[PDB]
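Trainee: Pasting in a structure now, in structure tokens, and then I'll have a few things to ask.
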Amino acid sequence: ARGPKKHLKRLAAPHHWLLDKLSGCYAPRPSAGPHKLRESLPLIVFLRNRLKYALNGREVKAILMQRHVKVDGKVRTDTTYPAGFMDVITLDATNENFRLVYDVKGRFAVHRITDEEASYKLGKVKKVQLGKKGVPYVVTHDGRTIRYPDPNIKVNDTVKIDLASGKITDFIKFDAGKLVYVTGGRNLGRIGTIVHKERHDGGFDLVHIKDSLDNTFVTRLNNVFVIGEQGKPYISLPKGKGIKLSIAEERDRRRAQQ
Amino acid sequence: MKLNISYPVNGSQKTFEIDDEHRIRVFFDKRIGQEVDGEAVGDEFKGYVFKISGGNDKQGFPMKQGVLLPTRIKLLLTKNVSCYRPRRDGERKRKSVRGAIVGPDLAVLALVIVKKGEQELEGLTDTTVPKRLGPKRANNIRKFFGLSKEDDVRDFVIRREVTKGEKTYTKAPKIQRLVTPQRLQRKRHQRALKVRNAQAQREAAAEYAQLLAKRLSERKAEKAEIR
Amino acid sequence: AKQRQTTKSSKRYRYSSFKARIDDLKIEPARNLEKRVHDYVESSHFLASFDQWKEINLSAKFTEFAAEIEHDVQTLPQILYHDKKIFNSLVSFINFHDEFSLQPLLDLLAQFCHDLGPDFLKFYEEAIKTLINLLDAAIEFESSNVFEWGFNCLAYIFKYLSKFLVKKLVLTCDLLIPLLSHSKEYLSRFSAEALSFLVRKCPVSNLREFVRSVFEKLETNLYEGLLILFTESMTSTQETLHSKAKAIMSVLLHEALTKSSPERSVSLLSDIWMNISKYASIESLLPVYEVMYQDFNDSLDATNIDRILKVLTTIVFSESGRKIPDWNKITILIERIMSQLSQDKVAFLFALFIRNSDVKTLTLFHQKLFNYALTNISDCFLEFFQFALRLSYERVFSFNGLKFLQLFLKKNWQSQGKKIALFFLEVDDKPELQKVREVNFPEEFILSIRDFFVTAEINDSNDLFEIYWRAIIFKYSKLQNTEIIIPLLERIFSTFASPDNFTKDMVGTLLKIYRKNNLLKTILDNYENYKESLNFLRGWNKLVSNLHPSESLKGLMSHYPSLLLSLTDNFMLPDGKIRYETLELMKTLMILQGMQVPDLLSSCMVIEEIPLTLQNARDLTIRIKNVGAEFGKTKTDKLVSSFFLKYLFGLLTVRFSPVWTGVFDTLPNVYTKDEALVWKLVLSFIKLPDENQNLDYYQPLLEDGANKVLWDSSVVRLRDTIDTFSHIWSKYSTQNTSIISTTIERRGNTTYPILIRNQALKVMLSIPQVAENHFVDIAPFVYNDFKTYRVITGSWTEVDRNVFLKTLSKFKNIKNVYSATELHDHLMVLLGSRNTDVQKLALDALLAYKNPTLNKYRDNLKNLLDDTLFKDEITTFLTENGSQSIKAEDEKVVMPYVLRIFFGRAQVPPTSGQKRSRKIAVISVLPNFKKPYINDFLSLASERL
RNA sequence: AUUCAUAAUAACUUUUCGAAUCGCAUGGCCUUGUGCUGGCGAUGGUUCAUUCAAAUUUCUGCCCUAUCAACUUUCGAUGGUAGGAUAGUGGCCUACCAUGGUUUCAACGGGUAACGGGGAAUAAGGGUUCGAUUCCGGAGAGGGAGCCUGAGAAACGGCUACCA
RNA sequence: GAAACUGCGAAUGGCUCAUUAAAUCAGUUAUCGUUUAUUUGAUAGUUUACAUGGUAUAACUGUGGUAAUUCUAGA
Ligand SMILES: [Mg+2]
Ligand SMILES: [Mg+2]
Ligand SMILES: [Mg+2]
Ligand SMILES: [Mg+2]
Ligand SMILES: [Mg+2]
Ligand SMILES: [Mg+2]
Ligand SMILES: [Mg+2]
Ligand SMILES: [Mg+2]
Ligand SMILES: [Mg+2]
Ligand SMILES: [Mg+2]
Ligand SMILES: [Mg+2]
Ligand SMILES: [Mg+2]
Ligand SMILES: [Mg+2]
Ligand SMILES: [Mg+2]
Ligand SMILES: [Mg+2]
Ligand SMILES: [Mg+2]
Ligand SMILES: [Mg+2]
Ligand SMILES: [Mg+2]
């Protein structure tokens, strides 16, 4: 190609969006934004294929141009705006606030939250560095740069960002015993507690995570997101609480509730 | 060859068909921008001065300034040049153009009246064509009317009357770069924004400095305790 | 704005501003014919709407409101029993002012009143108070929909409580006064429509009380609110009026003419009549017309005579006479009013009658109309006749208005002579009023004012003013005016040898009196001091044009050969008219003197006649160039040369750019005819801005004549005409100030443009050689630094000085000028000016001096001036021991220029990184200089101190 | 892990940027002036970070051919030093230097009706064959050569030569 | 609101497999070896002003050339 691509085939789209393979030939290409293309949910999919509020792309555009959707407290009018992990989506006219959190299956789940919970979000500290004029700043996972961070904040820590003012309220250090959320790999969407962090200089660090059921799994550090201390998450969790459950029991409880 | 003579003071212009070769030959060997005496052209042009500006040949190709030849040549023309209008940005096209040396094979030659002779041409000197449009920017209006700074351009706008059937009205241009309260408000808002930003940054820097000093003091106290 | 969205685009979705939505919004629920939920009911209106709103709105506040009240609204009796708690909750949630939930709450509040209307009365006051707070709160946060919801709810409550509210509408109005009197126009407008529905539903008896109360209130925005309220009440449909409009108009009328009601009430009635008359067609208005006319007949009385008169002016002016069916009835009313007041009101009434009345009625009544004006308006007939002329001058003439004016002149002759002078003074300029001028005057003045003219004392401007207004009347005199004028003429010249501005105007006025040789001799005796005045020129022009040539006049012209040349001075004046009269004047003197008029004079006169427009812009330029070519081609005498050159400088005073182009091209090729004259003209123009030109003109004793001529009206159309009438009235009230002021307006223009120096500078630039020869006169400006002057009163503009410096550099031999060394030293001063452009100009003039050493380094000095090459030149040119460095022998001559140049560069505001580096460089080259040369730079820095 | 981030000193620059832009609305102060101040947005702009991308790059992995055994190096082949150019590393190119680099563990050369892969068929398993062809990646627009524009092209439903 | 200037796009998409045998490509690395329109977040009191020019032109008015083209000359 002689330049950046602008089209996305449905088969090539991220699997977790759950798009019909025969509905059309192309899928919404997320525009540039806070989150990466493969780890983002465009607003069109959320409003049409998840909430079912709109029946087609044009109706989604009509909703957006009416300025009823807010992302992180800001109005967005792009159909393919890349909303992502820990993103707050507010619909005032319908009066709901949603937090984009993966389910156990590995898919963004429609999780409704209260207003007081919608007032803040969490961000994994991807980078800390001194800017121009000797002003420290922190870059989070969603591309937010916050100046004058607390000196104790380091990489791999989590910062509680208030949406209205965009300032850090609290933070969590990355240490053993902390509650973590998996954001990648086939363990995507699971929740557990840190046990040990294995370090390899010049390589990818590995973290051992133990679930509430005592099952243990190892994951690369890049896919780990600290969300609080054990038993005290700073955000409301989706149904299932990030516990992976086998297939036989899946049959079992589906029958039981049925 | 045909002569397209333009009197720019009046804005007028007209064509003269030529048959005798004496005037045509005194036109020979000249160059675009050079001046020739009208009397050599004919008695009707006695006392006139003609500046050569260009022309077209028997095949229609135009004359181009800067190329000093009596014959056509294929020149690679680009943006912002005569004889070529680029269709696409950065487009360059090589086109055959006639040289700037006057010759027998010029179908029409364009001339500009530098100076008027004793006799008046019927179609050029005796007629005038008004300017199509008047000044638009405020300073151009002031310059055209010689207004003072205190005088407002708003009252001196040229207005043209238009009749549609029995209905009639007037139309006037929109002046640009006019001093209006909106521009003042925008300037003031911009200044206030920048000042407020600077103050906010100073406050944040001061608070960070206090936090750093407190942390520094307590860690020094702990080091003292360890000793 | 003014071209509102009348033509809609093809776009399905378009942006609309809040003001746009508000302007389009209108409060009238009944016109909306859409199916309503509450129309179909099983239990109650409230329940029917309550369930529906649960389906559509999902707001948190409404959801909380629903849960609290859900159990208690299942049945109509349950609503009645629990009415108190339901209303409290509705009021509580509305107060939160949550726009997401307002719409269901406001609708339910209206439906709540629908279920239990008579019981809602105990809730009424709180409900209205809640809406007022909400609408006031709605102003803070923009939402047009919120206003639409609130006012419709208010309208709904009025509809359901129509019976009870009507009985005490004054109480309901009392609640809405803050809304009706609110600063915002739209909030008052919306409230007025809602209250209008109640008014149209009122019984006549109840209405009479309400109208009395509001008129009592009338005695901020309340006047506008009532204006909107009543006009909405009458208007029902386009070009149609509501049936009840008859009673409302009658009830509003009876109160307005009632003595107790304030005058503002009648004015309020007037503004209503303009609105409904404009809105409604002829047919809908016929029934409204008869009720007033009958009421005006029935209630006519001395006390209300003015009030009836004022409303009658309202009817005649409203849409002119088109809306009036029968003008004959009005004429009967006018006659009855006259038989049974304020003069100004009638003057306004009759004048509008003249313009607006149908032709047939006016023919029947024009004679009685004017006789009435003589009956009572004779004191102010002049103000009337002027206003009538301004409205429709042609109609007044057709109906013999001039004859009645003659009768007025012969009736009220002695008391208002000065007013007559004002009136006839004003009407001279208008050509359409030529017939008014043709009116003959009563002879008795022409004897009386003549008698004073024969024996008049003139020792002060106050005495002079007395002749002036009598002179203005005396022009129409037919009793051999010339014999009387002449003695006064020699008196005024003798008593005032040096005329002021006012005296000159009178002389023209006195000359203007003359009608078909001695008087010609008199003006020739003293005209040098009066040529500039425009009126004096016009009077002189009328005189000489009247006289017929003969050999005797040739002798008179011979005695004063310098007459023609002296008049040429006028062509430099800034006024187009004054030049034109001088041209016309000059031509006829040539006829009287018999000397052939040159064709150049005729051509220049044509140029003046051409209008100054873009369409004629080019045409003007060719004419000026053509005559200039003719002037150069044809040799002429001094008079023609003095004529044409002065006329050219007159064209420079014109404020039309095309004119300047022609003269700027013509003048350089024709100045050789008289080089001394052109320099004098150029020199004068340069000094005009410095010269202070002030028009000092007589101020008459101030007259304290002013009063409220007419009432104030809100509608723009009536107010503007009222302002026009009052302006005439004020003008006549102060005749001394009005007569004196009109003279100033028509005197002409004497103030040259401040830019005139710039035009002369362009002429000087085009001809440097003339300036070089006459450097003596222009030298002082340079040494004065182009400052008048230790405080500076005025100074030349930067552009003017720049053109000045160009001329100096263009001189062929600057070295041989009158003061070369002093000029050279001052050119040193400019060379170091902070503005580099000034420095380059000074350097060019310095290089105009021929010095071999400087020429050797001419390029390096120029490079130092250039900002781009400044840095490299310093390093190459000024480095000690450099190859291109200045030789020691030539160091003495060049160095002062180099030092002063660097001084100007050192004065740049060192403000940007490039500019700051420039200041560092200029100081860093100092060590390269020898210590004596370092010292002089420090001296240059300290010279200003 | 760094000459990292950042900061400081001294100068330098055909040297930049630091809003002469636009929509809607008319609030607040008063010394009442078209005085001062002020709201919601659009479009631009330096640098940093993020995102969409691009470029190069580390290791391993390709069918037949030894009756192809030595290849590359004069005209860069291996490497060093310095420069030029590049967005940048780098024989990518230049100048001076050394004589290096691959190879029976198959270099080099030749054939290929060779775009590669995810896949398809068959088979009990091992295997054999197919894969231009709905997705990913690369190359092309009759064949070579060279370019303007633009963030991005050696573009071809852009331009210029030559060949047919 | 035609036309034109200005800004953006046209380097995406669609088609074909000619060349290509450590080349492409698959998996897996690196940029402390570099560019990056755009999105998103930060970020600039240090720079006649009640606001500067044609150092300027299109569209447009008008005069024309060529057999011919999404050709264009003068004013
Ligand atoms: Mg690393
Ligand atoms: Mg228009
Ligand atoms: Mg190198
Ligand atoms: Mg070499
Ligand atoms: Mg194959
Ligand atoms: Mg394939
Ligand atoms: Mg290609
Ligand atoms: Mg082909
Ligand atoms: Mg190509
Ligand atoms: Mg094609
Ligand atoms: Mg293509
Ligand atoms: Mg363009
Ligand atoms: Mg092939
Ligand atoms: Mg091969
Ligand atoms: Mg490889
Ligand atoms: Mg864009
Ligand atoms: Mg930005
Ligand atoms: Mg032109």
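How things are named: the first chain in the structure tokens is A, the next is B, and so on; residues count from 1 in each chain; ligands count from 1 in the order shown.
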Which polymer residues have any atom within 9 Å of an atom of region 188-205 of chain A, counting only C-alpha atoms (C1' of nucleotides), with same-chain residues fewer than 5 positions away left out, as an NGL selection string?
Mentor: :A and (101-108 or 174-183 or 210-212 or 216 or 219-223 or 229-230 or 241-244)
Trainee: Using only C-alpha atoms (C1' of nucleotides) and a distance of at most 9 Å, pull out the residues of chain C that contact chain D, as a PyMOL selection string.
Mentor: chain C and resi 17-19+868-869+914+917
Trainee: Near residue 111 (chain D), within 12 Å and counting only C-alpha atoms (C1' of nucleotides), which residues show up once chain neighbours fewer than 6 positions away are dropped, as a ChimeraX atom specification?
Mentor: /D:63-65,68 /E:21
Trainee: Could you please select, counting only C-alpha atoms (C1' of nucleotides), the residues of chain B within 8 Å of chain E and state them as a count of residues only?
Mentor: 34
Trainee: Could you list, as a PDB file with N, CA and C atoms (P, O5', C5', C4', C3', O3' and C1' of nucleotides), in the first residue's frame, every residue within 12 Å of residue 150 (chain D), counting only C-alpha atoms (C1' of nucleotides) and ignoring same-chain residues fewer than 5 positions away?
Mentor:
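So part15.pdb came out as:
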ATOM      1  N   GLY A   3      -0.063   4.111   1.337  1.00  0.00           N
ATOM      2  CA  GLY A   3      -0.449   4.966   2.432  1.00  0.00           C
ATOM      3  C   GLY A   3      -1.368   4.258   3.404  1.00  0.00           C
TER       4      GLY A   3
ATOM      5  N   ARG B  88      -4.330  19.524 -11.945  1.00  0.00           N
ATOM      6  CA  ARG B  88      -4.062  18.821 -10.701  1.00  0.00           C
ATOM      7  C   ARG B  88      -2.870  19.468 -10.015  1.00  0.00           C
ATOM      8  N   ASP B  89      -2.898  19.467  -8.684  1.00  0.00           N
ATOM      9  CA  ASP B  89      -1.830  20.093  -7.918  1.00  0.00           C
ATOM     10  C   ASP B  89      -0.493  19.447  -8.249  1.00  0.00           C
ATOM     11  N   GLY B  90       0.498  20.280  -8.554  1.00  0.00           N
ATOM     12  CA  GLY B  90       1.799  19.796  -8.952  1.00  0.00           C
ATOM     13  C   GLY B  90       1.886  19.321 -10.383  1.00  0.00           C
ATOM     14  N   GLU B  91       0.807  19.416 -11.150  1.00  0.00           N
ATOM     15  CA  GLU B  91       0.811  18.932 -12.520  1.00  0.00           C
ATOM     16  C   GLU B  91       1.687  19.830 -13.380  1.00  0.00           C
TER      17      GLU B  91
ATOM     18  P     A D 155       5.396   4.441 -10.101  1.00  0.00           P
ATOM     19  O5'   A D 155       4.255   4.082  -9.052  1.00  0.00           O
ATOM     20  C5'   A D 155       3.777   5.063  -8.141  1.00  0.00           C
ATOM     21  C4'   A D 155       2.272   5.106  -8.087  1.00  0.00           C
ATOM     22  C3'   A D 155       1.571   4.993  -9.435  1.00  0.00           C
ATOM     23  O3'   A D 155       0.316   4.335  -9.271  1.00  0.00           O
ATOM     24  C1'   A D 155       1.077   7.092  -8.467  1.00  0.00           C
ATOM     25  P     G D 158      -6.374  10.288 -13.681  1.00  0.00           P
ATOM     26  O5'   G D 158      -5.077  11.159 -13.980  1.00  0.00           O
ATOM     27  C5'   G D 158      -3.806  10.754 -13.498  1.00  0.00           C
ATOM     28  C4'   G D 158      -2.897  11.938 -13.295  1.00  0.00           C
ATOM     29  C3'   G D 158      -1.812  12.138 -14.340  1.00  0.00           C
ATOM     30  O3'   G D 158      -2.294  12.790 -15.501  1.00  0.00           O
ATOM     31  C1'   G D 158      -0.878  12.342 -12.180  1.00  0.00           C
TER      32        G D 158
ATOM     33  P     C E   8      -5.022  21.132   2.479  1.00  0.00           P
ATOM     34  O5'   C E   8      -6.102  19.964   2.542  1.00  0.00           O
ATOM     35  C5'   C E   8      -6.514  19.425   3.788  1.00  0.00           C
ATOM     36  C4'   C E   8      -7.639  18.437   3.625  1.00  0.00           C
ATOM     37  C3'   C E   8      -7.360  17.239   2.734  1.00  0.00           C
ATOM     38  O3'   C E   8      -6.606  16.226   3.375  1.00  0.00           O
ATOM     39  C1'   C E   8      -9.457  18.149   2.176  1.00  0.00           C
ATOM     40  P     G E   9      -5.661  15.257   2.509  1.00  0.00           P
ATOM     41  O5'   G E   9      -6.681  14.408   1.629  1.00  0.00           O
ATOM     42  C5'   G E   9      -7.525  13.436   2.227  1.00  0.00           C
ATOM     43  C4'   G E   9      -8.521  12.886   1.239  1.00  0.00           C
ATOM     44  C3'   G E   9      -7.934  12.156   0.044  1.00  0.00           C
ATOM     45  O3'   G E   9      -7.616  10.810   0.336  1.00  0.00           O
ATOM     46  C1'   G E   9      -9.592  13.675  -0.689  1.00  0.00           C
ATOM     47  P     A E  10      -6.275  10.157  -0.248  1.00  0.00           P
ATOM     48  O5'   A E  10      -6.538  10.066  -1.817  1.00  0.00           O
ATOM     49  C5'   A E  10      -7.467   9.129  -2.345  1.00  0.00           C
ATOM     50  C4'   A E  10      -7.888   9.485  -3.750  1.00  0.00           C
ATOM     51  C3'   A E  10      -6.807   9.398  -4.817  1.00  0.00           C
ATOM     52  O3'   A E  10      -6.634   8.081  -5.308  1.00  0.00           O
ATOM     53  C1'   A E  10      -7.949  11.456  -5.018  1.00  0.00           C
ATOM     54  P     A E  11      -5.297   7.678  -6.096  1.00  0.00           P
ATOM     55  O5'   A E  11      -4.217   7.504  -4.942  1.00  0.00           O
ATOM     56  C5'   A E  11      -4.561   6.870  -3.714  1.00  0.00           C
ATOM     57  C4'   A E  11      -3.407   6.077  -3.157  1.00  0.00           C
ATOM     58  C3'   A E  11      -3.506   5.739  -1.675  1.00  0.00           C
ATOM     59  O3'   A E  11      -2.830   4.506  -1.425  1.00  0.00           O
ATOM     60  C1'   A E  11      -1.613   7.087  -2.037  1.00  0.00           C
ATOM     61  P     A E  37       1.811  14.037  11.813  1.00  0.00           P
ATOM     62  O5'   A E  37       0.652  14.759  10.997  1.00  0.00           O
ATOM     63  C5'   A E  37       0.965  15.633   9.924  1.00  0.00           C
ATOM     64  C4'   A E  37      -0.124  15.658   8.884  1.00  0.00           C
ATOM     65  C3'   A E  37      -1.546  15.777   9.406  1.00  0.00           C
ATOM     66  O3'   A E  37      -1.903  17.102   9.755  1.00  0.00           O
ATOM     67  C1'   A E  37      -1.455  14.073   7.781  1.00  0.00           C
TER      68        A E  37
END
Trainee: Which polymer residues have any atom within 12 Å of an atom of residue 26 (chain D), counting only C-alpha atoms (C1' of nucleotides), with same-chain residues fewer than 6 positions away left out, as a ChimeraX atom specification?
Mentor: /B:182 /C:19,184 /D:38-39
Trainee: Measuring between only C-alpha atoms (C1' of nucleotides), which one of E:69, E:46, E:24, E:57 shows the shortest distance to chain C?
Mentor: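 Among E:69, E:46, E:24, E:57, it is E:46 that comes nearest to chain C.
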Trainee: Using only C-alpha atoms (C1' of nucleotides), find the residues of chain E whose closest atom to chain C is at most 12 Å away, then write them as an NGL selection string.
Mentor: :E and (1 or 46-48)
Trainee: Can you write out the residues you just picked, keeping C-alpha atoms (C1' of nucleotides), as a PDB file, in the first residue's frame?
Mentor:
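Saved file out_25.pdb follows:
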ATOM      1  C1'   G E   1     -27.044  30.075  -4.168  1.00  0.00           C
ATOM      2  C1'   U E  46       8.768  36.961  27.258  1.00  0.00           C
ATOM      3  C1'   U E  47       5.695  38.455  19.942  1.00  0.00           C
ATOM      4  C1'   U E  48      -1.756  51.375  12.663  1.00  0.00           C
TER       5        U E  48
END
Trainee: Counting only C-alpha atoms, a student should be able to say which residues of chain C come within 7 Å of chain A; what is the right answer, written as a ChimeraX atom specification?
Mentor: /C:58-60,100
Trainee: Selection from above, N, CA, C and O atoms, as a JSON list (two decimals), in the first residue's frame, can you write it?
Mentor:
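Just written: out_26.json:
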[["chain", "number", "residue", "atom", "x", "y", "z"],
["C", 58, "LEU", "N", -37.85, 8.76, 30.47],
["C", 58, "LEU", "CA", -37.14, 7.88, 31.38],
["C", 58, "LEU", "C", -36.24, 8.65, 32.35],
["C", 58, "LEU", "O", -35.30, 8.08, 32.90],
["C", 59, "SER", "N", -36.52, 9.93, 32.56],
["C", 59, "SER", "CA", -35.67, 10.74, 33.42],
["C", 59, "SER", "C", -35.73, 10.25, 34.86],
["C", 59, "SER", "O", -36.74, 9.73, 35.32],
["C", 60, "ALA", "N", -34.61, 10.42, 35.57],
["C", 60, "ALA", "CA", -34.54, 9.98, 36.95],
["C", 60, "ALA", "C", -35.55, 10.72, 37.82],
["C", 60, "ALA", "O", -36.24, 10.11, 38.65],
["C", 100, "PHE", "N", -34.78, 17.46, 31.73],
["C", 100, "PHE", "CA", -35.11, 16.12, 31.26],
["C", 100, "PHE", "C", -36.49, 15.68, 31.74],
["C", 100, "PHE", "O", -37.16, 14.90, 31.06]]
